[PDB]
Every structure is written in C-alpha cells, then in structure tokens.
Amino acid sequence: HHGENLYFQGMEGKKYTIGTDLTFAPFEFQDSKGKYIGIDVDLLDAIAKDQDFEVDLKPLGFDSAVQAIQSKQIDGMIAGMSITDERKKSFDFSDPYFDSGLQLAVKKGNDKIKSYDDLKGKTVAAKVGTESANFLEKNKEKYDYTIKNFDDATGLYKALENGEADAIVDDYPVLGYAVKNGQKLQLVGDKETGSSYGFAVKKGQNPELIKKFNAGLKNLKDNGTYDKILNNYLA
C-alpha cells in the first residue's frame, strides 16, 4: 500500500498539437483570410467540441507532419492520411473516415496521354512521402517513366505547366475537387490503390486522443453531422 487517489480528476480540455497538410482541398485548405477550412478541419473541430478537447492546428505539409509525429513534435495529425499496413508499424490510426485512392492526371488538352501505357518516356510527379509517391516507385519500370517528387501541392501542380512533369498522381477525391475548381487538369484512368483515411498518432502514444476521435466520429455519423460536413464540400 503505497498510496492511491480515490477521486480521479479528469484530463478534460487538453490541448493537442495537430499537424496537417498545407493545402489538400477539400480536406484542408485556407479561406481568403488564411483560416484553415475543409472536411478534415471541420470533422476534427466538431469531434473536439463533442469530446471536450482543444486543437492547436500546425500546417506543416504531409511528409513534414509524418516526420513531426515520429519525432514527437506534435501529438496527432489529420491530413487525408491513408491507413496502410506499413504505416501501422509506426502509427496508430483512428477508425476510417473517408474512402479514397489514387488518380493519374495530366494538363488539360494533353491528348498524348490517355492511359498508363502512354507514360513511356514521360516524367511523372508526386508529393514526397505519400501513397502517390510510393505508387510511382512501384510502377516506374512497369510503365517506363522518370519520377519527380515535390514537397507539397504547390510544386506538384505547377509541374504540369512549367515543363517539369507530363503527369502527376494525387489522391482521387482531391483531383476530382480540383477539376471542379476549374484547374487545367485531365484525369487519366480510374482509381488505383484504394485506401481509407484515418487520424494518426505515433504508435504507442496518445491513446486517449485516438479513443476520443473514434467516439466523436461515431457520434457525428449517428447525428448526421458527418454527412452534412461532407456534403458542404462535395455536393
């Protein structure tokens, strides 16, 4: 008998540092005054209010956020992040909150690329550290292209216009949203490499944050707010 408090005081109201991507619409992006908005931002904020925690959002970029989690610089991340078996070796994920995949894209009007078989001799780009980048490595010899990587979306999308790349790979719902946003894109082929998005923490860390995210997510699904948030961007 070394002592025990029979009146636990809850850790409610805890403020967590949460990393996210710089721009990854419709999941996170900024409005005209620089405020972060998007499906991920809204889901997280609604969950945080439901579960009585606070968020300090740290826009870092995708790979930068991944490395910040592993370096214990931030508590969690939400960044349209695919749950994968390999990532589960170093991250703990929430329940899934979106079904996604990858999409090949070229500049609008580029009739020279209508299939993956048309990538021979071309340069194809993706964002560093992403499922798209991994897909490019896996398929490089198969379709005989050269790879470029960019740190974030700004470089990746500029690449189709400035001579750097003939094609890019990015997430399917992001490219669909970009086409609807009037960007000069042509989508090629269908969804590849299905995955679902989760909130993430470093493996073995912040288990309460995962528990709260999962509870909040279920509550938003049950009460209709999940569906409304998605429709606010995807309708």
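For every residue, the number given is its place in the sequence shown, counted from 1.
Colleague: Look up the CA B-factors in the entry and say which stretch, 187-195 or 200-208, has the higher mean.
Modeller: Comparing 200-208 with 187-195, the higher average CA B-factor belongs to 200-208.
Colleague: Decide which of the stretches 177-185 and 51-59 has the higher mean C-alpha B-factor, going by the entry.
Modeller: Higher mean C-alpha B-factor: 51-59.
Colleague: Of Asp95, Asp99, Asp151, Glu131, which one's C-alpha B factor is largest in the deposited record?
Modeller: Answer, based on the entry's C-alpha B-factors: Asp151.
Colleague: Using the temperature factors of the C-alpha atoms in this entry, rank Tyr16 within its chain: lowest, middle or highest third.
Modeller: Highest third, going by the recorded CA B-factors of the chain.
Colleague: Quick check on the deposited entry: does the C-alpha B-factor of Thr146 sit in the lowest, middle or highest third of its chain?
Modeller: Middle third - that is where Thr146 ends up once the chain's C-alpha B-factors are sorted.
Colleague: Among all modelled residues of this chain, ranked by Cα B factor, put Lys112 in the bottom, middle or top third, i.e. lowest, middle or highest.
Modeller: Answer is highest: the recorded C-alpha B-factor places it there.
Colleague: Quick one: classify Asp45 as lowest, middle or highest third of the chain based on its Cα B-factor.
Modeller: According to the entry, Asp45 has a C-alpha B-factor in the chain's middle third.
Colleague: Please place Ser90 in the lowest, middle or highest third of its chain according to the CA B-factor in the PDB entry.
Modeller: It belongs to the highest third of the chain when residues are ordered by C-alpha B-factor.
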